[PDB]
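Asker: Take a look at upload.cif, mmCIF, C-alpha atoms and all ligand atoms:
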data_protein
loop_
_atom_site.label_atom_id
_atom_site.label_comp_id
_atom_site.auth_asym_id
_atom_site.auth_seq_id
_atom_site.Cartn_x
_atom_site.Cartn_y
_atom_site.Cartn_z
CA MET A 1 -29.28 68.61 2.70
CA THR A 2 -26.22 66.55 1.74
CA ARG A 3 -22.79 67.79 2.75
CA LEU A 4 -19.91 65.36 3.03
CA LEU A 5 -16.71 65.65 4.98
CA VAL A 6 -13.98 63.33 3.66
CA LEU A 7 -11.04 62.86 6.00
CA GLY A 8 -8.06 62.22 3.78
CA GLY A 9 -4.39 61.65 3.68
CA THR A 10 -4.14 58.48 1.49
CA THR A 11 -4.82 57.21 -2.08
CA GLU A 12 -8.07 55.60 -1.24
CA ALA A 13 -8.93 59.23 -0.18
CA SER A 14 -7.76 61.06 -3.29
CA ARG A 15 -9.48 58.60 -5.59
CA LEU A 16 -12.59 58.76 -3.58
CA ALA A 17 -12.56 62.59 -3.73
CA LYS A 18 -12.33 62.46 -7.53
CA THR A 19 -15.29 60.13 -7.70
CA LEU A 20 -17.33 62.30 -5.44
CA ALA A 21 -16.55 65.41 -7.45
CA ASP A 22 -17.41 63.60 -10.68
CA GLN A 23 -20.73 62.49 -9.30
CA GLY A 24 -21.51 65.96 -8.01
CA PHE A 25 -21.55 65.56 -4.25
CA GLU A 26 -21.23 68.65 -2.10
CA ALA A 27 -18.04 67.62 -0.22
CA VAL A 28 -15.06 69.08 1.66
CA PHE A 29 -11.82 67.17 1.91
CA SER A 30 -9.61 67.47 4.97
CA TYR A 31 -5.85 66.96 5.50
CA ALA A 32 -3.87 67.19 8.69
CA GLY A 33 -1.32 69.57 7.19
CA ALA A 40 -4.39 65.10 -6.29
CA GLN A 41 -8.17 65.85 -6.03
CA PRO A 42 -10.31 68.89 -6.76
CA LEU A 43 -12.71 69.22 -3.82
CA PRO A 44 -12.43 72.29 -1.59
CA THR A 45 -9.90 71.26 1.11
CA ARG A 46 -9.57 72.27 4.70
CA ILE A 47 -6.11 71.92 6.32
CA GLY A 48 -5.20 71.26 9.93
CA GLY A 49 -6.68 69.68 13.01
CA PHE A 50 -10.17 70.46 14.18
CA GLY A 51 -9.29 70.86 17.83
CA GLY A 52 -10.05 67.50 19.30
CA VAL A 53 -13.48 65.93 19.47
CA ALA A 54 -15.14 69.16 20.54
CA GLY A 55 -13.55 71.06 17.67
CA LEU A 56 -14.77 68.40 15.19
CA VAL A 57 -18.25 68.55 16.77
CA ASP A 58 -18.28 72.30 16.31
CA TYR A 59 -17.16 71.94 12.66
CA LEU A 60 -19.83 69.34 11.87
CA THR A 61 -22.52 71.44 13.48
CA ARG A 62 -21.44 74.87 12.00
CA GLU A 63 -20.86 73.46 8.51
CA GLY A 64 -24.09 71.29 8.55
CA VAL A 65 -22.20 68.13 7.65
CA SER A 66 -24.54 65.18 6.93
CA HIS A 67 -22.00 62.41 6.38
CA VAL A 68 -18.36 61.77 7.22
CA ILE A 69 -16.22 59.38 5.24
CA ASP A 70 -13.04 58.56 7.16
CA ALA A 71 -10.51 57.77 4.47
CA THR A 72 -7.52 58.43 6.72
CA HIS A 73 -4.55 56.16 6.94
CA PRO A 74 -5.16 53.16 9.25
CA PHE A 75 -2.39 54.46 11.51
CA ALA A 76 -4.07 57.84 11.85
CA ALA A 77 -5.94 56.33 14.79
CA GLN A 78 -6.51 59.53 16.79
CA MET A 79 -8.30 61.12 13.84
CA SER A 80 -10.38 57.97 13.34
CA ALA A 81 -11.29 57.73 17.05
CA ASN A 82 -12.17 61.41 17.13
CA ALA A 83 -14.44 61.01 14.10
CA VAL A 84 -16.28 58.16 15.84
CA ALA A 85 -16.83 60.26 18.94
CA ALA A 86 -17.80 63.44 17.15
CA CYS A 87 -20.19 61.73 14.76
CA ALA A 88 -21.78 59.90 17.72
CA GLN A 89 -22.22 63.19 19.56
CA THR A 90 -23.94 64.87 16.56
CA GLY A 91 -25.94 61.82 15.10
CA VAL A 92 -23.89 62.29 11.83
CA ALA A 93 -23.45 59.16 9.72
CA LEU A 94 -19.89 57.83 9.48
CA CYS A 95 -18.16 55.21 7.44
CA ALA A 96 -14.48 54.31 7.14
CA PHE A 97 -12.90 53.72 3.66
CA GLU A 98 -10.09 51.39 4.61
CA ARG A 99 -8.60 48.26 3.08
CA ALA A 100 -7.95 45.05 4.96
CA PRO A 101 -4.47 44.57 6.43
CA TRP A 102 -1.90 42.63 4.43
CA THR A 103 -1.47 38.96 5.22
CA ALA A 104 1.65 36.97 4.64
CA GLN A 105 2.28 34.56 1.83
CA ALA A 106 4.92 32.01 1.09
CA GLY A 107 8.37 33.58 0.94
CA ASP A 108 7.40 36.50 3.26
CA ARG A 109 9.66 36.68 6.36
CA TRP A 110 7.39 38.74 8.65
CA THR A 111 7.26 39.44 12.33
CA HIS A 112 4.65 41.59 14.01
CA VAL A 113 4.87 44.19 16.78
CA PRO A 114 2.09 46.27 18.37
CA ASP A 115 3.60 49.73 18.03
CA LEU A 116 6.55 51.83 16.94
CA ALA A 117 8.31 51.43 20.27
CA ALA A 118 8.22 47.66 19.93
CA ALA A 119 9.55 47.94 16.38
CA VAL A 120 12.60 49.75 17.69
CA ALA A 121 13.12 47.06 20.30
CA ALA A 122 12.79 44.37 17.71
CA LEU A 123 15.86 45.40 15.74
CA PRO A 124 18.96 43.28 16.28
CA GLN A 125 21.89 44.28 18.46
CA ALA A 126 24.51 43.90 15.77
CA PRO A 127 24.52 46.85 13.37
CA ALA A 128 21.99 46.42 10.58
CA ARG A 129 20.83 48.40 7.55
CA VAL A 130 17.18 49.26 8.15
CA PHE A 131 14.60 50.75 5.78
CA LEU A 132 12.18 52.77 7.96
CA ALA A 133 9.25 52.77 5.62
CA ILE A 134 7.07 54.74 7.95
CA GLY A 135 7.18 58.34 6.70
CA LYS A 136 8.45 61.26 8.87
CA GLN A 137 6.63 60.71 12.10
CA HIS A 138 8.44 59.43 15.10
CA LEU A 139 11.72 58.68 13.30
CA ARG A 140 13.37 59.94 16.47
CA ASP A 141 12.10 56.85 18.23
CA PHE A 142 14.72 54.85 16.33
CA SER A 143 17.56 56.93 17.87
CA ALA A 144 17.18 54.49 20.74
CA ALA A 145 18.87 51.93 18.45
CA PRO A 146 21.53 54.27 17.17
CA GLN A 147 24.08 51.67 15.90
CA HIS A 148 22.14 50.96 12.70
CA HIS A 149 22.20 52.56 9.31
CA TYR A 150 18.76 53.90 8.49
CA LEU A 151 17.19 54.53 5.15
CA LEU A 152 14.22 56.95 5.15
CA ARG A 153 11.84 57.89 2.41
CA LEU A 154 10.21 61.24 2.81
CA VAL A 155 7.79 63.30 0.81
CA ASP A 156 9.58 66.57 1.72
CA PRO A 157 13.25 67.45 2.32
CA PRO A 158 13.74 67.44 6.11
CA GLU A 159 13.89 70.85 7.81
CA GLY A 160 16.80 70.22 10.14
CA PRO A 161 19.39 67.44 10.56
CA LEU A 162 17.99 63.89 10.88
CA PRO A 163 17.42 62.75 14.55
CA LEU A 164 19.23 59.54 13.69
CA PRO A 165 22.98 59.14 14.00
CA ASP A 166 23.44 57.25 10.69
CA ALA A 167 20.68 57.84 8.15
CA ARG A 168 20.07 58.60 4.52
CA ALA A 169 16.87 60.14 3.32
CA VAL A 170 15.54 59.65 -0.15
CA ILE A 171 12.95 62.23 -1.08
CA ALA A 172 10.09 60.80 -3.09
CA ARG A 173 6.30 60.27 -3.32
CA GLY A 174 5.69 57.67 -6.09
CA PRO A 175 3.49 55.73 -5.78
CA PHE A 176 6.21 53.18 -5.85
CA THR A 177 6.91 50.26 -8.09
CA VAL A 178 8.32 46.90 -7.26
CA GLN A 179 11.26 47.49 -9.63
CA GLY A 180 11.96 50.80 -7.96
CA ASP A 181 11.77 49.54 -4.42
CA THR A 182 13.84 46.50 -5.21
CA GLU A 183 16.51 48.81 -6.70
CA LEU A 184 16.52 50.98 -3.62
CA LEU A 185 16.76 48.09 -1.15
CA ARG A 186 19.46 46.47 -3.22
CA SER A 187 21.52 49.59 -3.69
CA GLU A 188 21.38 50.48 0.01
CA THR A 189 22.12 46.85 0.89
CA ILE A 190 19.20 46.81 3.29
CA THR A 191 19.00 43.95 5.76
CA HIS A 192 15.66 44.72 7.48
CA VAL A 193 12.45 46.60 6.64
CA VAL A 194 10.14 48.28 9.17
CA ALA A 195 6.65 48.96 7.89
CA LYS A 196 3.18 49.61 9.11
CA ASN A 197 0.47 47.21 8.07
CA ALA A 198 -1.43 49.74 5.93
CA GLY A 199 -2.98 47.26 3.52
CA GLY A 200 -3.76 48.10 -0.04
CA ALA A 201 -1.89 47.81 -3.32
CA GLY A 202 -0.43 51.30 -3.22
CA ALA A 203 2.21 50.73 -0.50
CA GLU A 204 2.71 47.00 -1.04
CA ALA A 205 5.69 47.26 -3.36
CA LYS A 206 8.25 47.46 -0.64
CA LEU A 207 6.97 44.14 0.82
CA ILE A 208 7.19 42.36 -2.58
CA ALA A 209 10.66 43.84 -2.98
CA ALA A 210 11.65 42.55 0.40
CA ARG A 211 10.32 39.09 -0.49
CA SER A 212 12.32 39.22 -3.79
CA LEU A 213 15.50 39.98 -1.89
CA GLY A 214 14.78 37.53 0.95
CA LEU A 215 14.69 40.25 3.62
CA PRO A 216 12.82 40.24 6.95
CA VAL A 217 10.06 42.75 7.62
CA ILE A 218 9.05 43.97 11.05
CA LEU A 219 5.36 44.88 10.55
CA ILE A 220 3.61 47.21 12.94
CA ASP A 221 0.04 46.02 13.59
CA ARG A 222 -2.87 48.39 13.26
CA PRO A 223 -3.89 50.37 16.30
CA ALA A 224 -7.19 49.85 18.02
CA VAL A 225 -10.00 52.16 16.89
CA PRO A 226 -13.63 52.12 18.00
CA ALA A 227 -16.12 50.30 15.83
CA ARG A 228 -17.82 52.12 12.96
CA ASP A 229 -19.28 51.21 9.53
CA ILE A 230 -16.64 50.08 7.00
CA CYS A 231 -17.05 51.13 3.29
CA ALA A 232 -13.94 49.34 1.81
CA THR A 233 -14.29 50.06 -1.96
CA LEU A 234 -15.52 53.02 -3.95
CA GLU A 235 -18.66 51.16 -4.86
CA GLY A 236 -19.20 50.24 -1.19
CA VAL A 237 -18.93 53.95 -0.35
CA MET A 238 -21.46 54.88 -3.04
CA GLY A 239 -23.83 52.25 -1.73
CA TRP A 240 -23.46 53.33 1.87
CA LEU A 241 -24.00 56.97 0.84
CA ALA A 242 -27.30 56.10 -0.88
CA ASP A 243 -28.37 53.90 2.09
CA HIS A 244 -27.88 56.96 4.32
CA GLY A 245 -29.68 59.35 2.13
CA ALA A 246 -26.73 61.21 0.65
CA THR A 247 -27.45 62.52 -2.80
CA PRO A 248 -25.45 64.57 -5.31
CA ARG A 249 -26.18 68.07 -6.61
CA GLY A 250 -29.46 68.68 -8.45
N1 LIG B 1 4.14 54.99 6.39
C1 LIG B 1 3.01 54.37 6.72
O1 LIG B 1 2.49 53.50 5.99
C2 LIG B 1 2.49 54.82 8.00
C3 LIG B 1 1.95 54.00 8.97
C4 LIG B 1 1.51 54.58 10.18
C5 LIG B 1 1.63 55.92 10.38
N2 LIG B 1 2.21 56.60 9.42
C6 LIG B 1 2.19 57.99 9.50
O2 LIG B 1 2.04 58.33 10.88
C7 LIG B 1 0.65 58.71 10.82
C8 LIG B 1 -0.14 59.11 12.05
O3 LIG B 1 -0.78 60.12 11.26
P1 LIG B 1 -1.51 61.49 11.67
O4 LIG B 1 -0.68 62.28 12.68
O5 LIG B 1 -1.97 62.04 10.36
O6 LIG B 1 -2.75 60.80 12.41
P2 LIG B 1 -3.35 61.03 13.87
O7 LIG B 1 -2.33 60.74 14.96
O8 LIG B 1 -4.55 60.19 13.86
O9 LIG B 1 -3.69 62.61 13.90
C9 LIG B 1 -3.25 63.46 14.92
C10 LIG B 1 -4.19 64.63 14.83
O10 LIG B 1 -4.01 65.34 13.59
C11 LIG B 1 -5.27 65.85 13.14
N3 LIG B 1 -5.64 65.16 11.92
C12 LIG B 1 -5.20 63.96 11.43
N4 LIG B 1 -5.76 63.63 10.24
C13 LIG B 1 -6.51 64.73 9.94
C14 LIG B 1 -7.34 65.08 8.79
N5 LIG B 1 -7.50 64.26 7.78
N6 LIG B 1 -8.00 66.27 8.86
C15 LIG B 1 -7.85 67.09 9.91
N7 LIG B 1 -7.08 66.85 10.99
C16 LIG B 1 -6.43 65.69 10.99
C17 LIG B 1 -6.22 65.57 14.29
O11 LIG B 1 -6.14 66.68 15.20
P3 LIG B 1 -7.49 67.31 15.85
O12 LIG B 1 -7.87 66.40 17.04
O13 LIG B 1 -7.10 68.67 16.32
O14 LIG B 1 -8.66 67.25 14.90
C18 LIG B 1 -5.67 64.30 14.91
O15 LIG B 1 -6.15 64.02 16.22
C19 LIG B 1 -0.19 57.87 9.87
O16 LIG B 1 -1.33 58.57 9.38
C20 LIG B 1 0.83 57.77 8.75
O17 LIG B 1 0.54 58.60 7.62
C21 LIG B 1 2.58 56.15 8.26
#
Once more with this new file: its structure as structure tokens, please.
Answerer:
Amino acid sequence: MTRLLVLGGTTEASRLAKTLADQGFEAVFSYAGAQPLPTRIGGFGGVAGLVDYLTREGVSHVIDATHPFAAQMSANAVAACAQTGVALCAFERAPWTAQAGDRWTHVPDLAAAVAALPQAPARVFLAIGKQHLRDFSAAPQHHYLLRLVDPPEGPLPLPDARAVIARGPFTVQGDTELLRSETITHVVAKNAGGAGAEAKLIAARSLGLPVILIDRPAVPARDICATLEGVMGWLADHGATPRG
């Protein structure tokens, strides 16, 4: 009968896991590498590996609550669920949209973000986690500010960088203090959507700073279950029921 796989990595995901556990769903949470469900860690081994997992574990439903920029995991979930007739929905918020006072430009990927930075040395907040920071070594004249969940193993791949180690979630006061104190001139961010990571954008607006926003990657179509209640509804509409 019902056995959920929740692909995590965000706050939508952690909150969702808590709700599922409260309601009594048989569910496993998964991270690539804050909630009480039994958690698997690490990749599945491509689409075939995920197919094998779904089949061996008798998964009935997948909820993809991965970050919107975890596009390989999302695309693999589409393919694997399609190959096994397992129901899938994505728990994702809509992208952020600009308002008055926002100074935003958009680029399609991380490479284009690097290319978008000015020639003259700037002070750039790379608000994009740990992945692919190296890419910015192709614009080595800038000062970079990083914010990382864990202390970096080795030396930063960036000629001039400072890493602040923190998780948050972050407040507008906090982010405005950071940007101000590091005299940031530009912010690079991914268009994640949601309230949880939006502080840095309000802070930027407050300080009158430009943001280079990386647009969401393309992922194949699947059902979208964009609030906790939407997820509960979709679960019931696909015959998922809790313990007992
Ligand atoms: N700071 C931001 O707001 C922001 C924006 C964009 C990206 N980033 C970071 O850069 C990231 C790209 O992330 P990513 O490497 O996690 O995504 P990914 O490129 O989609 O994942 C790469 C592989 O890791 C495994 N994987 C990912 N999520 C998993 C999960 N929940 N459970 C099991 N395996 C998982 C899968 O390997 P297998 O094929 O072997 O299953 C997947 O194909 C974004 O997720 C984000 O967190 C951050």
Asker: Mind listing the residues within 6 Å of ligand LIG 1 (chain B), all atoms listed in the file counted, as a PyMOL selection string?
Answerer: chain A and resi 7-9+30-32+48-52+72-73+75-79+133-135+137+196+198
Asker: For stretch 208-210 of chain A, work out the shell of residues within 9 Å, counting only C-alpha atoms and skipping chain neighbours fewer than 2 positions away, then give it as a PDB file with C-alpha atoms, in the frame of the given file.
Answerer:
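Output saved as out_11.pdb:
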ATOM      1  CA  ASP A 108       7.400  36.500   3.260  1.00  0.00           C
ATOM      2  CA  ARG A 109       9.660  36.680   6.360  1.00  0.00           C
ATOM      3  CA  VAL A 178       8.320  46.900  -7.260  1.00  0.00           C
ATOM      4  CA  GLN A 179      11.260  47.490  -9.630  1.00  0.00           C
ATOM      5  CA  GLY A 180      11.960  50.800  -7.960  1.00  0.00           C
ATOM      6  CA  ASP A 181      11.770  49.540  -4.420  1.00  0.00           C
ATOM      7  CA  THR A 182      13.840  46.500  -5.210  1.00  0.00           C
ATOM      8  CA  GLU A 183      16.510  48.810  -6.700  1.00  0.00           C
ATOM      9  CA  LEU A 185      16.760  48.090  -1.150  1.00  0.00           C
ATOM     10  CA  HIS A 192      15.660  44.720   7.480  1.00  0.00           C
ATOM     11  CA  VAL A 193      12.450  46.600   6.640  1.00  0.00           C
ATOM     12  CA  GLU A 204       2.710  47.000  -1.040  1.00  0.00           C
ATOM     13  CA  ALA A 205       5.690  47.260  -3.360  1.00  0.00           C
ATOM     14  CA  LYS A 206       8.250  47.460  -0.640  1.00  0.00           C
ATOM     15  CA  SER A 212      12.320  39.220  -3.790  1.00  0.00           C
ATOM     16  CA  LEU A 213      15.500  39.980  -1.890  1.00  0.00           C
ATOM     17  CA  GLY A 214      14.780  37.530   0.950  1.00  0.00           C
ATOM     18  CA  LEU A 215      14.690  40.250   3.620  1.00  0.00           C
ATOM     19  CA  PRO A 216      12.820  40.240   6.950  1.00  0.00           C
ATOM     20  CA  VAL A 217      10.060  42.750   7.620  1.00  0.00           C
TER      21      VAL A 217
END
Asker: Between A:5, A:145, A:231, A:85, which one has atoms that come closest to residue A:126, using all atoms listed in the file?
Answerer: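 Among the listed residues, A:145 lies closest to residue A:126.
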Asker: May I ask which of the residues A:58, A:4, A:11, A:234 is the closest one to residue A:174, counting all atoms listed in the file?
Answerer: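 Looking at the shortest contact to residue A:174, the residue is A:11.
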Asker: Ranking A:173, A:222, A:67, A:153 by minimum distance to residue A:237 and counting only C-alpha atoms, which one comes first?
Answerer: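 Ranking A:173, A:222, A:67, A:153 by distance to residue A:237, first place goes to A:67.
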Asker: So how far away is atom CA of residue A:10 from atom CA of residue A:28, in Å?
Answerer: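 We find that atom CA of residue A:28 and atom CA of residue A:10 lie 15.2 Å from each other.
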Asker: For residue A:163, list every protein, DNA or RNA residue within 8 Å, evaluated using only C-alpha atoms, and leave out those in the same chain fewer than 3 positions away; present the list as a PyMOL selection string.
Answerer: chain A and resi 139-140+143
Asker: Interatomic distance between atom CA of residue A:194 and atom CA of residue A:224?
Answerer: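 Distance reported for this atom pair: 19.5 Å.
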Asker: Provide the atom CA of residue A:15 to atom CA of residue A:131 distance in Å, to one decimal place.
Answerer: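 Straight-line distance from atom CA of residue A:15 to atom CA of residue A:131 works out to 27.8 Å.
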Asker: Rank nothing, just name the residue among A:6, A:83, A:247, A:25 nearest to residue A:47, using all atoms listed in the file.
Answerer: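 Going through A:6, A:83, A:247, A:25 one by one, the smallest distance to residue A:47 is for A:6.
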Asker: Please list as an MDAnalysis selection string every residue within 10 Å of residue A:127, counting all atoms listed in the file and excluding residues in the same chain fewer than 5 positions away.
Answerer: chainID A and resid 145:149 191
Asker: Which residues come within 10 Å of residue A:200, counting all atoms listed in the file, excluding same-chain residues fewer than 3 positions away, as a ChimeraX atom specification?
Answerer: /A:11-12,98-102,197,203-204
Asker: Hey, which of A:81, A:13, A:207, A:65 ends up closest to residue A:226? Count only C-alpha atoms.
Answerer: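 Nearest candidate to residue A:226 out of A:81, A:13, A:207, A:65: A:81.
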Asker: For residue A:97, please output as a list in words all residues within 6 Å (counting all atoms listed in the file; exclusion window: fewer than 2 positions along the same chain).
Answerer: residues 70, 71, 231 and 232 of chain A
Asker: Nearest residue to residue A:142 out of A:87, A:164, A:230, A:218, using only C-alpha atoms?
Answerer: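 The closest residue to residue A:142 is A:164.
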